[PDB]
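Chain by chain, the residues run as shown.
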Amino acid sequence: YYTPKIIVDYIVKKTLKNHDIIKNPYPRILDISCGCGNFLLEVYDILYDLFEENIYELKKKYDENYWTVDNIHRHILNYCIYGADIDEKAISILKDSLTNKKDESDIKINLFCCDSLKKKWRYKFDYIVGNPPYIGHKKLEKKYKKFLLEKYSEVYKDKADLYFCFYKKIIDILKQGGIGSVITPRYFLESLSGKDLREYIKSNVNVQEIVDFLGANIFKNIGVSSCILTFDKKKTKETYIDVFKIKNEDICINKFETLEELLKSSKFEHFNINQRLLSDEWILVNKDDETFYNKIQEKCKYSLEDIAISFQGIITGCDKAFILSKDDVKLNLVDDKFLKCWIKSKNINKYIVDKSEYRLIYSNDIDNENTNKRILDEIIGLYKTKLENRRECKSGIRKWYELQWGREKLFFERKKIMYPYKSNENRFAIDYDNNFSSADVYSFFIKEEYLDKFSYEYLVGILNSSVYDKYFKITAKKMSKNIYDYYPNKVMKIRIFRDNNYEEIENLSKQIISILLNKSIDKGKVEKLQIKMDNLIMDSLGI
DNA sequence: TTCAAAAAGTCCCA
DNA sequence: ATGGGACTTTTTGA
Ligand SMILES: CNC(=O)[C@H]1O[C@@H](n2cnc3c(NCc4cccc(I)c4)ncnc32)[C@H](O)[C@@H]1O
Ligand SMILES: [K+]
Ligand SMILES: [K+]
């Protein structure tokens, strides 16, 4: 995963541009996932320029025979550059690349082929740079995950990622007054799994700068969203973070010769965040958005979690075995008591759901194999081998033809609100048709004790408003270009209000629902009603 | 027993 | 061929 050169140079310049080579001519620069040496080779070039530009000052202050230009190459490799990686071939290539920068006496190069997370590191380091590996909870082998849970528990639990541990290792082995700069996924900035990691970073290092690329495609043909984190262990009372957040995700990364030109430009916005004021959540927004977010939080007395019951959709474990088109002839084998309406995330619009085109065979209600042999033999059994490889089938908890996570039917077969799990905008709809769905659609229904305060029509009105689209996206988890995570761990934290505008907001919502359900939809008037509703909500929240 | 999180997403076309 | 757009499964720890 080759890191773009402009970012590599920026990271190295970040850690080394103001190093006092005269005061300390023995800086230790480390990359614990160096690979072929994208960062370390640049570190060599930056160090070599630094030594040659101060070669005569060094010669005068120290051993004058040791400090010559001819001796710079040797000194850098013996005492300055350190790298670690698990790939033997990459280390071998990097060793040759460092050697080719210039046998006399066989210089030794501090490159280790090892697990960076298991190595007994004999000393701390002045500067650490690089791009660690990212491995999620699905693609990480179970034997290694037990080690991470037992030894890296301060940052790695549950659905945490591998690069959390590289953050902990880098922070642990950084010298006092040292500087670290890495490029990692951005998701830990907001994700629920990153809470322990954020607590660790906040209370161990001073975060100098965060570069957030949002959904920009930094790595070509890689579906990941990146950020650059720069931190130090310097004694300072400032504790203020420079945040450079991109404004246009469509931009290409090579607009200028250097990254810092892009950051200072009109493609990025800059603002400051007080690190001491960071809660367990990192709300990195400008003053206008902070005021906007704080107004809504203070004005709203209730949250969605207070008034609603949230649940994830069906997880069959093999969709091809249980989901059929409503026009599929094989449904003539299945009694209608077994069939449920099935929708995908794209079927969720604002305020209403598209008509179902798929049916779910709720195979849990099938009592035994002998009574409905045709359904099992001709429909579900076509994927029996894959069905039996599901975890709950291996342990015997689930029968091979049963849904892996069937949930409760009564939760779905009722009036409820559904929203897609990943979307570019708020899309909350009222479901009237007892729709079932997979985990790409989340549902909630209102608690009985809050039905006389909040109706479904009022909720979809304010939740689909432009005010709440901006409001939710302030702290939402940015996944990829024009995609946010609409998950209960943040959707249920949305705060809602009840005031003098309740009735008209609800009435406008009913009008929109009435038009959206017509045969000849005058979608233009829906937009006009939405604008009027947004004005009511902004009036209610005083913004 | 059984909840919900997780993009080095995935797949496609031009 | 690559880059950009539409769309989103089930494995997994707790
Ligand atoms: C996306 N970028 C990479 O994967 C690079 O990082 C190196 N890289 C991976 N993982 C490493 C590690 N520890 C974790 C580890 C080790 C062994 C098995 C397992 I599963 C996990 N330590 C040291 N370099 C490690 C790789 O060799 C590439 O150059
Ligand atoms: K001298
Ligand atoms: K991206």
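Here, every reference points to the structure presented above.
Scope of this entry: the structure provided in the associated data block.

1. Let's talk about the sheet that holds strand β21 (residues 483–485)
Okay, so step 1: Read from one edge of the open sheet, three strands run β16-β21-β20, paired in antiparallel fashion. Since the sheet does not close on itself, it has two edges, and those belong to β16 (422–423) and β20 (477–480), each with one partner.
Okay, so step 2: Summarising the sheet, β16 and β21 pair through two bridges and their orientation is antiparallel. Residue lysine 422 lies in a different strand from β21, and its bridge partner there is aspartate 485.

2. Some points on the sheet that holds strand β2 (residues 81–85)
Okay, so step 1: Taken in spatial order, the nine strands make up an open sheet running β3-β2-β1-β4-β5-β7-β6-β8-β9, and their pairing is mixed. At either end of the open sheet lies a strand with only one pairing partner, and these are β3 (110–113) and β9 (268–274). Sheet twist, expressed as the average angle between the axes of neighbouring strands with direction ignored, equals 15°.
Okay, so step 2: Of the strand pairs in this sheet, strand β1 (residues 29–31) and strand β4 (residues 125–130) are connected by two bridges, and their pairing is parallel.

3. Observations concerning the environment of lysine 493
Okay, so step 1: With respect to the element layout, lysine 493 can be found in the loop between α19 (488–491) and β22 (495–496).
Okay, so step 2: In the structure, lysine 493 is positioned 213 residues away from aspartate 280 in sequence and 14 Å away in space, judged by C-alpha atoms.
Okay, so step 3: Not counting residues within four places of it along the chain, the set of residues in contact with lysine 493 comprises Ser303, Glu305 and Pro488.
Okay, so step 4: In terms of polar contacts, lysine 493 uses its side chain to reach the side chain of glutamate 305, at 3.1 Å.

4. Section: empty space enclosed by the protein
Okay, so step 1: Its volume calculated, the largest cavity comes out at about 60 Å³.
Okay, so step 2: Taken together, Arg186, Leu189, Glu190, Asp212, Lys245, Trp282, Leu284, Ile474 and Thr475 make up the lining of the largest cavity.
Okay, so step 3: Here the second largest cavity defines a volume of roughly 40 Å³.
Okay, so step 4: What lines the second largest cavity is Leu189, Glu190, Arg198, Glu281, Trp282, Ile283, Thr475 and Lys490.
Okay, so step 5: Class assignment of the residues belonging to the lining of the second largest cavity gives a composition of three nonpolar, one polar and four charged.

5. Focus: the layout of surface pockets
Okay, so step 1: Taken as a whole, the second largest pocket spans an internal volume of roughly 490 Å³.
Okay, so step 2: If you trace the second largest pocket, you find 22 residues lining it, with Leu214, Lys245, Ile246, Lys473 and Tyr484 closest to the centre.
Okay, so step 3: Residues belonging to the lining of the second largest pocket are distributed by class as follows: eight nonpolar, four polar and ten charged.
Okay, so step 4: For the lining of the second largest pocket, the two domains that each supply at least three residues are domain 1 (5–283) and domain 2 (306–541).

6. With respect to the protein's contact with DNA strand B
Okay, so step 1: In the vicinity of DNA strand B there are 32 residues, among which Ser193, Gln312, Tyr442, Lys477 and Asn489 approach most closely.
Okay, so step 2: Sugar plus phosphate, as a fraction of atoms of DNA strand B within 4 Å of the protein: 48%.
Okay, so step 3: Here a base nitrogen of DNA strand B sits 3.1 Å away from a polar atom, N or O, in the side chain of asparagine 131.
Okay, so step 4: A distance of 3.1 Å separates a phosphate oxygen of DNA strand B from a polar atom in the side chain of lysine 139.
Okay, so step 5: Among the secondary structure elements, those contributing two or more residues to the surface near DNA strand B are β11 (308–312), β20 and α19.

7. Points about the coordination of the potassium ion (ligand 2)
Okay, so step 1: Listed as protein donors to the potassium ion (ligand 2) are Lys59 (O), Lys60 (O), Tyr62 (O) and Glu64 (OE); their distances from the metal cover 2.8 to 3.2 Å.
Okay, so step 2: Here the donor residues of the potassium ion (ligand 2) share one chain and are spaced in sequence as K-K-x1-Y-x1-E.
Okay, so step 3: Judged by relative accessible area, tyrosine 62 falls into the partly exposed class, the value being 26%.

8. Here's the deal with the pattern of salt bridges
Okay, so step 1: All chains considered together, the criterion is met by 32 salt bridges.
Okay, so step 2: Between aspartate 126 and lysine 175 there is a salt bridge; the shortest N-O distance is 3.2 Å. Here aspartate 126, found in strand β4, pairs with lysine 175, found in strand β5 (residues 174–185); they are 49 residues apart in sequence, far enough to count as distant.
Okay, so step 3: The partly exposed category is assigned to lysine 175, whose relative accessible area is 29%.
Okay, so step 4: Residue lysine 350 is joined to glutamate 425 by a salt bridge in which the shortest nitrogen-to-oxygen separation is 3.8 Å.

The rules behind the values
- Residues numbered from 1 in each chain as written, not as in the entry; some residues may be left out.
- Chains lettered and ligands numbered in written order.
- Heavy atoms only, no water.
- Residues with missing side-chain atoms left out of burial classes, pairs and counts.
- Pairing = 2+ DSSP bridges.
- Helix = DSSP H or I, 4+ residues; strand = E, 2+ residues; numbered from the N terminus.
- Axes fitted to C-alpha atoms, helices over the stretch in contact; angles between N-to-C directions.
- Contact = heavy atoms within 4.5 Å.
- Polar contact = N/O pair within 3.5 Å; in protein donor to acceptor, adjacent residues only side chain to side chain.
- 1 Å grid on protein atoms, 1.4 Å probe; cavity = no way out; pocket = protein on both sides within 12 Å on 5 of 7 lines; lining within 4 Å.
- Points joined across faces, edges and corners; volume = space filled by probe spheres on them.
- Nonpolar A, V, L, I, M, F, W, Y, C, P; charged D, E, K, R; others polar.
- Domains from an automatic or database assignment.
- Near = heavy atom within 4 Å.
- Donors = N, O, S within 2.8 Å, 3.2 Å for Na, K, Ca; no water.
- Buried < 20%, exposed > 50% of the residue type's maximum accessible area, 1.4 Å probe, protein only.
- Salt bridge = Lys/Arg side-chain N within 4 Å of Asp/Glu carboxyl O.

None of the figures reported here should be taken as evidence of function without further support.
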